[PDB]
Amino acid sequence: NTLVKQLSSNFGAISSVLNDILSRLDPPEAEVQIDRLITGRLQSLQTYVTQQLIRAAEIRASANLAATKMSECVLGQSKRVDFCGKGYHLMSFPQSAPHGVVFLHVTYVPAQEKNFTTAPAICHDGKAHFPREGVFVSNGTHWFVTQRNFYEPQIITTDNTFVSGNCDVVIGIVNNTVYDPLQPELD
Amino acid sequence: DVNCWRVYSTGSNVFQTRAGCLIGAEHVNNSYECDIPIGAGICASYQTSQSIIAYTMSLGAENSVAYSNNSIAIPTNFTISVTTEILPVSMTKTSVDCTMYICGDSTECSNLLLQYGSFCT
Amino acid sequence: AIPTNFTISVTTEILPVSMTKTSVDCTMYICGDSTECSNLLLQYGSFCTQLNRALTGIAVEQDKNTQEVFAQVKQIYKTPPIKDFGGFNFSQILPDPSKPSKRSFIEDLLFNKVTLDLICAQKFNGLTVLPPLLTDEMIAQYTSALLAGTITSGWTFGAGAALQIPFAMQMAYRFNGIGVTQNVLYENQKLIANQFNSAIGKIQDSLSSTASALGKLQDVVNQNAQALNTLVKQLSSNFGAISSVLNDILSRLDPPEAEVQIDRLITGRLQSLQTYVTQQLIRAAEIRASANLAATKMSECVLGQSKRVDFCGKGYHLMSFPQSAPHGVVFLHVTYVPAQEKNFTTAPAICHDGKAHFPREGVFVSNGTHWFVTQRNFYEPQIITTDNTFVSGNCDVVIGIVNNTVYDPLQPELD
Ligand SMILES: *[C@@H]1O[C@H](CO)[C@@H](O[C@@H]2O[C@H](CO)[C@@H](O)[C@H](O)[C@H]2NC(C)=O)[C@H](O)[C@H]1NC(C)=O
Ligand SMILES: *[C@@H]1O[C@H](CO)[C@@H](O[C@@H]2O[C@H](CO)[C@@H](O)[C@H](O)[C@H]2NC(C)=O)[C@H](O)[C@H]1NC(C)=O
Ligand SMILES: *[C@@H]1O[C@H](CO)[C@@H](O[C@@H]2O[C@H](CO)[C@@H](O)[C@H](O)[C@H]2NC(C)=O)[C@H](O)[C@H]1NC(C)=O
Ligand SMILES: *[C@@H]1O[C@H](CO)[C@@H](O[C@@H]2O[C@H](CO)[C@@H](O)[C@H](O)[C@H]2NC(C)=O)[C@H](O)[C@H]1NC(C)=O
Ligand SMILES: *[C@@H]1O[C@H](CO)[C@@H](O[C@@H]2O[C@H](CO)[C@@H](O)[C@H](O)[C@H]2NC(C)=O)[C@H](O)[C@H]1NC(C)=O
Ligand SMILES: *[C@@H]1O[C@H](CO)[C@@H](O[C@@H]2O[C@H](CO)[C@@H](O)[C@H](O)[C@H]2NC(C)=O)[C@H](O)[C@H]1NC(C)=O
Ligand SMILES: *[C@@H]1O[C@H](CO)[C@@H](O[C@@H]2O[C@H](CO)[C@@H](O)[C@H](O)[C@H]2NC(C)=O)[C@H](O)[C@H]1NC(C)=O
Ligand SMILES: *[C@@H]1O[C@H](CO)[C@@H](O[C@@H]2O[C@H](CO)[C@@H](O)[C@H](O)[C@H]2NC(C)=O)[C@H](O)[C@H]1NC(C)=O
Ligand SMILES: *[C@@H]1O[C@H](CO)[C@@H](O)[C@H](O)[C@H]1NC(C)=O
Ligand SMILES: *[C@@H]1O[C@H](CO)[C@@H](O)[C@H](O)[C@H]1NC(C)=O
Ligand SMILES: *[C@@H]1O[C@H](CO)[C@@H](O)[C@H](O)[C@H]1NC(C)=O
Ligand SMILES: *[C@@H]1O[C@H](CO)[C@@H](O)[C@H](O)[C@H]1NC(C)=O
Ligand SMILES: *[C@@H]1O[C@H](CO)[C@@H](O)[C@H](O)[C@H]1NC(C)=O
C-alpha cells in the first residue's frame, strides 16, 4: 500500500501525473520534470526491495526452525528440554494453517507428590548396597526402593542392588537388612 | 523526557516515572503481571469507578522449596497435556515492473530511464 | 586405554542478548525548528513514516529478546537459609544479602568490566535513548531464581513442579547420565568438592585480572556508539549547498533562491538517515540470532543435562549456572574430564565351554595374567561371572576370542 502511495507525490516537480506533465510541456523543459519523477520513484522502489530482502531472511529462519521441529519432534521422540513443549515429550502431531504450520505436542507431567526420607546406600554385613536403577525411600519404619519418576515401592533384595566397598566411606549410609531371595528355597 | 514545569497543561494524579512524566494514571502499591508496558519496570492497565492504574510489574509468586539433606519428593500421579505451537513457513510471492510502475504507458519516460544502466534488472 | 582419575572443569561463555533502543525524528534532524524546510520535506510522501516505524520495530524486538532469554520460570524460588550442600560452596554466585543491589560477586565483577558531553550533543538533534523494560534489579532476580532452582530441585522444576532432593544425590543422578556408576561419586565426594570450589576460585581471578573476555560483549556497544557518532557528524556537510547550517541560508537568501539550497540539504540528510536505518535493521538480525541461541542454551544446558557434544562446554556436561552481564548473559559450565589413563590388552569375547560370553555393559581388560571386566569411562576391575555376561553362539565366528574361565557364582553355595 505504501508503495502505491508513492505514486501520489510531487518529488519537487510541478505535478505528480506523468501524462499531465507530458501533455502541457514541450520536451526541453519536460525532461527535467520527468527526471525528478523518475529518481523519486526509483528511490521509492529500492526501499521496498531492500525491506523485502531483509524480511525474507527472518521467514527463512522460521522455516528452518519449523523443518527441524518436524524432523525431530514428529518423526521421533526428542530428549531436548523445552524444545517440543513443556514437560517430558511423548509425541506430536502436525497441522497446516494458511502460510504456516501448527504443532500439537503431547507431554507427560507429574501431578501429585509426597515427602520421603532418603538414603544413599545400605550397609548390610559390612558391605554397602547401591540401587541398580532407582532410589531408596522410607515411610517411617521400613525402607523400600522405587523408580525416580513414579512411586512404586518394592522390597530390597540382592537381585536389585549392587555392592561396592564397605560402609565406612559413604556419608549417609544407614543400617538395614537385604532379602537375598534365595535362602528360603534351598530349605 | 520531562521533569514533573515543562508540561503545557496538567491535572490531577500526576505520577513521576524513570521513563518520564505520566498524566491520567493513578499510582498504587499493588503489583500484577504487565498489561501495557510503560517502561523501566513500570506497567499500566485498565481496571475497577473504572480507571487506569500504573504499577511496578511483578515477576511471579515466591516460594521456598522444603530443602533438607535427607528429604526427597516422589510423584504418585501423572497428567497428559496437549499444547499448540504456531510457526510461519512462507509469505506471499509478489513481482513488480519498473516500465509499468515508474513510467507506465509513456514512451519518452523510458528513454530517460535507460540512462540508468542496470538498476531495474 | 582406560582412564583412572577425573577432573572437574568450570568454563565461561559470554553471549549478547540485546542492544540499546534509540529513536530519531526527521522534523528535528533534517529541518530542526524551521518551517520552510518542513514544507519542502512534505513533498516526499512517506519516507519518514517508514523510517520511524523500523526503529520502533527494532525497539519492541529488543525488549522481547530479554523476555525470551531470562523469563523461563513462573515461580521466584528462594534458597533455604541453611547452606548444607554436601561440601559444595556456592557463596561466590549466590546473591549478596548485604549490598543494596542484590547481585552476586561475580555479577559485580562482570558489571565493572564493561564501560557503557557526547550524549547531550546526540540528544540535542532529536536522538533519544529509550529505557529498557526490565531493569537490572529484575534480571538479577530472574537469574537468582534460576540458580536457586537447580541446586535444590534438579531438572524437575523445568518440567512441572519443583521437587526437592539432596545435592549429593543429584550429583550422582548426573554421573549416571554420562556413563559412570553411582559409587564413584559417593566414595570420592569430598575430593570432588575440593575440586569444584577450586575451579570457581579460578573464574573470578580470571575476570578480575587484565584479560579481554567481555570484548565480544563490548563490540556491540562500540558499533552502536560509532553509528550514532557518524550520524551526528553527517550534519556538518555542504552536500553542494552554499552553507551547511540552515538558519544562515534562511537568513541571507530570499525564498526563490533558498528553496534549491534547502532541497539539496534535505536530500543529503535524507540519504544520511536512510543509511543508518538500513544498518540498524541489518544488525538487529544478528542480535536476534544470538538471543535465540542464548535462550536455547538456557533451556537445555541449565534446565537439564545435555548430551550434545561441545554444546554446553568441552567435556562431559554435568550442569550449568547463569549470570547476568550488561546487555548479555554468561554461562558457567561444569564438565567432567578423564585425567590419567593406562594401557591394557582387550578382547571382544570369552570362550568358556564352547560358548562365547559378551560383556553386559563394560569391556574386558587384562593386567598381563588375569582378565577382568570394567566400565568404559572409569577403571574398576571386577571378577568375570555369569551374572555379568551373556551368551550367544559358539566361539568359532568371533575374530579375537580367547580362552578363559567364568566364575558362575552359584556352585560353591549348593555344596
Ligand atoms: C509403612 O509400610 C509398611 C509396609 O507396607 C507398613 O507395615 C504394614 O502395615 C499394615 C497396616 O497395619 C500391616 O497390616 C502390615 O502387617 C504391616 N507390614 C509389616 C511388614 O509390618 C507400615 O504400617 C507403614 N507405615 C506407615 C507409617 O504408613
Ligand atoms: C550398623 O550396625 C552395626 C552393628 O550391627 C554398627 O556397628 C557398631 O555400631 C556401634 C554404635 O555405633 C559401635 O559402638 C560399634 O563399635 C560398631 N561395631 C560393632 C558392634 O562391631 C554400625 O555402626 C551401624 N551403622 C550405622 C550406625 O550407621
Ligand atoms: C525536577 O525539578 C525540580 C525543581 O527544579 C528539582 O527539585 C530541585 O532539586 C534541586 C537539586 O538539589 C534542589 O536544590 C531544589 O531545592 C529542588 N527544588 C524543588 C522545588 O524540589 C528536581 O530535582 C528535578 N528532578 C530531577 C530528577 O532532577
Ligand atoms: C490420579 O488422577 C486421576 C485423575 O486426575 C484420578 O482419577 C479420578 O478419580 C476420581 C475419583 O477417584 C474420579 O471422580 C475422576 O473422574 C477420575 N479422573 C478421571 C480422569 O477419570 C485418580 O484417582 C488418581 N489416582 C490416585 C492414586 O490418586
Ligand atoms: C586423583 O587426582 C587427585 C587430584 O588430582 C589426587 O589427589 C591428590 O593427592 C595428592 C597426594 O596423594 C595430594 O597432595 C593432593 O592434594 C590431592 N589433590 C586434591 C585436590 O586433594 C588423587 O590422589 C588421584 N588419585 C589417584 C588414584 O591417583
Ligand atoms: C565458601 O566460600 C566463601 C568465600 O570465599 C568463604 O568465606 C571466606 O572465609 C574465609 C575464612 O576461611 C574468610 O577469610 C573470607 O573473608 C571469606 N570470604 C567471604 C567472601 O566471606 C567460606 O568460608 C567458604 N565456605 C563456606 C562453608 O561457606
Ligand atoms: C594382576 O592382578 C592380579 C589380581 O589382583 C594379581 O594377582 C595377585 O597378586 C598379588 C600380589 O602378589 C597376590 O598377593 C595375589 O595373591 C594375586 N592374586 C591371584 C589370584 O593370583 C597380579 O599380580 C597382577 N599382575 C600384575 C602384573 O600386576
Ligand atoms: C580354547 O581351549 C580349547 C580347548 O580347551 C581349544 O580347543 C583346542 O585347541 C587346540 C589348539 O588350538 C586344538 O589342537 C584342538 O583341536 C582344539 N579342540 C579340542 C582340544 O577339542 C581352543 O582352540 C582354545 N581357544 C583358542 C586357542 O582360541
Ligand atoms: C514436605 O514437607 C514440607 C516441610 O513441612 C512441607 O512444606 C511440604 O508441604 C511437604 N510436602 C507435601 C507434598 O505436603
Ligand atoms: C543432615 O543434617 C543433620 C543436621 O541437621 C546432620 O545431623 C546429619 O548428619 C546430616 N546427614 C547427612 C546425610 O548429610
Ligand atoms: C503505598 O504504601 C506506602 C507505604 O506502605 C504509603 O505511604 C502510601 O500511601 C501507599 N500508597 C497509597 C496510594 O496510599
Ligand atoms: C601405551 O603404550 C604406548 C606404546 O609404547 C606408549 O607410547 C604409551 O605411553 C602407553 N601409555 C601410557 C599411559 O604410558
Ligand atoms: C592383531 O594383529 C596381529 C598381527 O600383528 C595378528 O597376529 C592378530 O591375530 C590380530 N588380532 C586381532 C584380534 O585382530
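- This entry lists cryo-EM as its structure determination method and reports a resolution of 3.36 Å.

**Side note on the overall build of chain B**
No. 1: Assigned secondary structure in chain B consists of 2 helices and 9 strands.
No. 2: Shown N-terminal to C-terminal, the secondary structure of chain B runs as helices and strands in the order β-β-β-β-β-β-β-β-β-α-α.
No. 3: In terms of overall size, chain B is more extended than a compact globule, its C-alpha atoms giving a radius of gyration of 30 Å where 121 residues would be expected to give roughly 14 Å.
No. 4: Its C-alpha atoms give chain B principal-axis dimensions of about 85 × 60 × 30 Å.
No. 5: Out of the 121 residues in chain B, the part that is buried amounts to 28%.
No. 6: As displayed, chain B offers around 8500 Å² of accessible surface, 50% of which is attributable to carbon and sulfur atoms.

**Focus: a nonpolar patch on the surface**
No. 1: A surface patch of nonpolar side chains, amounting to about 350 Å² of accessible area, comprises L90(A), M91(A), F93(A) and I80(B).
No. 2: With respect to the element layout, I80(B) can be found in strand β9 (residues 78-88).

**Concerning the packing of helix α3 (residues 27-74) of chain A against helix α12 (residues 255-302) of chain C**
No. 1: Look at α3(A) against α12(C): their axes get within 11 Å of each other, and the N-to-C directions meet at 10°. Judged by the inter-axis angle, α3(A) sits roughly parallel to α12(C). Two secondary-structure elements touch here, α3(A) through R36(A), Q43(A), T47(A), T50(A), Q51(A), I54(A), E58(A) and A61(A) and α12(C) through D263(C), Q274(C), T278(C), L281(C) and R288(C).
No. 2: Considered class by class, the residues forming the contact of α3(A) with α12(C) number 3 nonpolar, 6 polar and 4 charged.

**With respect to the interface of chain A and chain C**
No. 1: Each side of the interface is counted separately: chain A has 40 residues, and chain C has 37 residues.
No. 2: Taken together, both faces of the contact between chain A and chain C bury some 3200 Å²; the carbon and sulfur share is 54%.
No. 3: When the buried surface of chain A facing chain C is broken down by residue, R80(A), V81(A) and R148(A) rank first, second and third, together holding 15% of it.
No. 4: At the boundary of chain A and chain C, one finds 3 salt bridges.
No. 5: Put simply, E300(C) and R80(A) hold a salt bridge, and the shortest N to O gap is 2.8 Å.
No. 6: Here chain A is connected to chain C by 8 residue pairs in polar contact.
No. 7: Elements supplying a minimum of two residues to the side of chain A that touches chain C: α3, β2 (100-110), β3 (113-117), β5 (128-131) and α4 (183-186) of chain A.
No. 8: Here the element with the most residues in the side of chain A that touches chain C is α3(A); it accounts for 9 residues.

**Considerations on the nonpolar core**
No. 1: In this structure, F90(C), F167(C), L318(C) and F321(C) are the most contacted members of the largest nonpolar core, which totals 56 residues.
No. 2: In terms of residues, this core owes the most to one element, helix α9 (residues 189-207) of chain C, which gives 6 residues.
No. 3: The next biggest cluster of nonpolar side chains, apart from the first, holds 52 residues, and it includes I102(B), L40(C), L228(C) and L270(C).

**Comments concerning the packing of aromatic side chains**
No. 1: With the rule as written, the count across this model stands at 27 aromatic pairs over all chains.
No. 2: Arranged with centres 6.2 Å apart and planes meeting at 40°, the rings of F11(A) and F47(C) form a pair that is tilted. Note that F11(A) is positioned in the loop between α1 (2-5) and α2 (18-23) and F47(C) in helix α3 (residues 47-70), a pairing that runs across two chains.
No. 3: Taken together, a centroid distance of 4.9 Å and an interplanar angle of 25° make the contact between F116(A) and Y151(A) stacked.

**Quick notes on the sheet that holds strand β3 (residues 26-27) of chain B**
Residue and element names in this part refer to chain B.
No. 1: Taken in spatial order, the 4 strands line up as β3-β6-β5-β4 in an open sheet, and their pairing is mixed. The outermost strands of the open sheet, each flanked by one partner alone, are β3 and β4 (36-39).
No. 2: Alignment of strand β5 (residues 42-47) against strand β6 (residues 51-56), held across 6 bridges, turns out to be antiparallel. When the sheet's bridge partners are listed, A44 is paired in β6 with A54.

**Quick notes on the interface of chain B and chain A**
No. 1: Opposite the 37 residues of chain B that make contact, chain A presents 54 residues.
No. 2: Between chain B and chain A, roughly 4200 Å² of surface is buried when both sides are summed, and carbon and sulfur atoms account for 65% of that area.
No. 3: When the area that chain B buries against chain A is broken down by residue, the three leading residues are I74(B), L87(B) and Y101(B), summing to 18%.
No. 4: On the surface where chain B and chain A come into contact, there are 1 salt bridge.
No. 5: Close ionic contact of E85(B) with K69(A) constitutes a salt bridge, the shortest N to O distance being 3.7 Å.
No. 6: At the junction of chain B and chain A, the tally comes to 17 residue pairs in polar contact.
No. 7: Of all the elements in the fold, those that place two or more residues in the side of chain B that touches chain A are β8 (71-75), β9, α1 (98-103) and α2 (108-113) of chain B.
No. 8: It is β9(B) that contributes the most residues to the side of chain B that touches chain A, 11 residues altogether.
No. 9: The residue inventory of the side of chain B that touches chain A, partitioned by class, reads 22 nonpolar, 12 polar and 3 charged.
No. 10: By the bridge criterion, 11 bridges tie β2(A) to β9(B) in an arrangement that is antiparallel. If you follow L104(A) over to β9(B), its bridge partner there is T84(B).

**Examining the sheet that holds strand β2 (residues 6-16) of chain C**
Residues and elements named next belong to chain C.
No. 1: Here 3 strands make up an open sheet; going across it, the order is β2-β7-β6 and the pairing antiparallel. Each edge of the sheet is formed by a strand with only one pairing partner; in this case those strands are β2 and β6 (316-325). Averaged over neighbouring strand pairs, the angle between their axes works out to 20° when direction is ignored.
No. 2: Where α9 meets the sheet, its contacts fall on β2, β6 and β7 (328-338), and the angle it forms with β2 comes to roughly 35°.

**Quick notes on the environment of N77(B)**
No. 1: Relative to the helices and strands, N77(B) resides in the loop between β8 and β9.
No. 2: Distance in space between the C-alpha atoms of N77(B) and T92(B) is 48 Å, their sequence separation being 15 residues.
No. 3: Not counting residues up to four positions away in its chain, the partners in contact with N77(B) are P110(A), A111(A), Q112(A) and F150(A).

**Describing the UniProt feature "disulfide bond" in chain C**
Residues and elements named next belong to chain C.
No. 1: Formation of the UniProt disulfide linking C301 with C312 is confirmed by an inter-sulfur distance of 2.0 Å, under the 2.5 Å limit. Here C301, found in helix α12, pairs with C312, found in the loop between α12 and β6; they are 11 residues apart in sequence, far enough to count as distant. Of the two residues, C301 and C312, neither departs from the other in class, the shared state being buried.
No. 2: Between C351 and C395, where UniProt annotates a disulfide, the S-S separation is 2.0 Å; being under 2.5 Å, the link is counted as present. With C351 in strand β9 (residues 350-351) and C395 in the loop between β13 (389-391) and β14 (402-403), this residue pair connects regions lying 44 residues apart in the sequence.
No. 3: Using a relative accessible area of 10% as the deciding quantity, one classes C351 as buried.

**Considerations on the state of the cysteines**
No. 1: Taken as a whole and judged by the stated rule, the model has 10 disulfides over all chains.
No. 2: The disulfide partner of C31(C) is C37(C), and the S-S distance across this bridge is 2.0 Å. On the S-S bond that ties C31(C) to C37(C), the torsion sits near -65°, and the link is left-handed.
No. 3: Look at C37(C) and you get buried, because its relative accessible area is 1%.
No. 4: Sequence-ordered numbering of the bonded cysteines in chain B yields a pairing of 1-2, 3-4, 5-8, 6-7.
No. 5: The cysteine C120(C) is free of any disulfide, with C4(B) supplying the nearest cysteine sulfur at 19 Å.

About the thresholds
- Residues numbered from 1 in each chain as written, not as in the entry; some residues may be left out.
- Chains lettered and ligands numbered in written order.
- Part of a larger assembly, values for the part shown.
- Heavy atoms only, no water.
- Helix = DSSP H or I, 4+ residues; strand = E, 2+ residues; numbered from the N terminus.
- Rg over C-alpha atoms; globule rule 2.2 N^0.38 Å.
- Buried < 20%, exposed > 50% of the residue type's maximum accessible area, 1.4 Å probe, protein only.
- Areas by Shrake-Rupley, 256 points an atom, 1.4 Å probe, with all protein chains shown as cover.
- Patch = residues over 30% accessible without salt bridge, like charges linked within 9 Å, V, L, I, M, F, W, Y side chains within 5 Å.
- Salt bridge = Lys/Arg side-chain N within 4 Å of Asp/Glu carboxyl O.
- Axes fitted to C-alpha atoms, helices over the stretch in contact; angles between N-to-C directions.
- Parallel < 35°, antiparallel > 145°, perpendicular 65-115°, else oblique.
- Contact = heavy atoms within 4.5 Å.
- Nonpolar A, V, L, I, M, F, W, Y, C, P; charged D, E, K, R; others polar.
- Buried area = accessible area lost by both parts, 1.4 Å probe.
- Polar contact = N/O pair within 3.5 Å; in protein donor to acceptor, adjacent residues only side chain to side chain.
- Core = buried A, V, L, I, M, F, W, Y, C linked by side-chain atoms within 4.5 Å.
- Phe/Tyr/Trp six-rings, centres within 6.5 Å; stacked < 30°, edge-to-face > 60°.
- Pairing = 2+ DSSP bridges.
- Disulfide = S-S within 2.5 Å.
- UniProt positions renumbered as here; feature names shortened; annotations may be inferred.

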